[PDB]
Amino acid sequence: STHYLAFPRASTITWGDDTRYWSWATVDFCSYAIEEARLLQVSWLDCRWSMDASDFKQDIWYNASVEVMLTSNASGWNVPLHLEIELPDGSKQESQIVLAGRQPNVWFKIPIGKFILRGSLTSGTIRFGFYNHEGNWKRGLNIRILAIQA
């Protein structure tokens, strides 16, 4: 079950405030006003949420997903989208996904990994994010939410 939803306004997105690269769209999310971060085009793709370990309970496996949609004009997804969870002790969950060829205009949830807080791992920033920093142009990915489940 879902403990937190973090919408993209809570994240730090490189170029996120520059309308050449990113747009923001207000939509309803089951009675809540949310803003989708809608990627027009960017080369330095980087979206990071930061939540403190103290936000979570100990000795419980949490899994995180990012819910996204490819637009009809999506391109540049032949390069891997890197998925990362970084814990405050240094450990990273690292994985990747190649989005090229996936059906556009359908919401899908990308799992970005799992963590557990044990012992005196009580506090410190946890980073949840996705990035691709290659010189190619990523286009047409809309971001709905980070979900953290246990």
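Heads up: residue numbers just count along the shown sequence, starting at 1.
Asks: Averaged over C-alpha atoms, is the B-factor higher for 22 to 30 or for 84 to 92 in this PDB entry?
Replies: The entry gives the higher C-alpha B-factor average to 84 to 92.
Asks: Could you settle it for me: does 112 to 120 or 34 to 42 have the higher average Cα B factor in the PDB entry?
Replies: Mean CA B-factor is higher for 112 to 120.
Asks: Looking at the C-alpha B-factor values in the deposited entry, which of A64, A100, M51, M69 comes out highest?
Replies: Among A64, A100, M51, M69, the PDB entry lists the largest C-alpha B-factor for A100.
Asks: Going by the entry, which third of its chain does the Cα temperature factor of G135 land in?
Replies: Its C-alpha B-factor, which the entry lists for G135, ranks in the highest third among residues of this chain.
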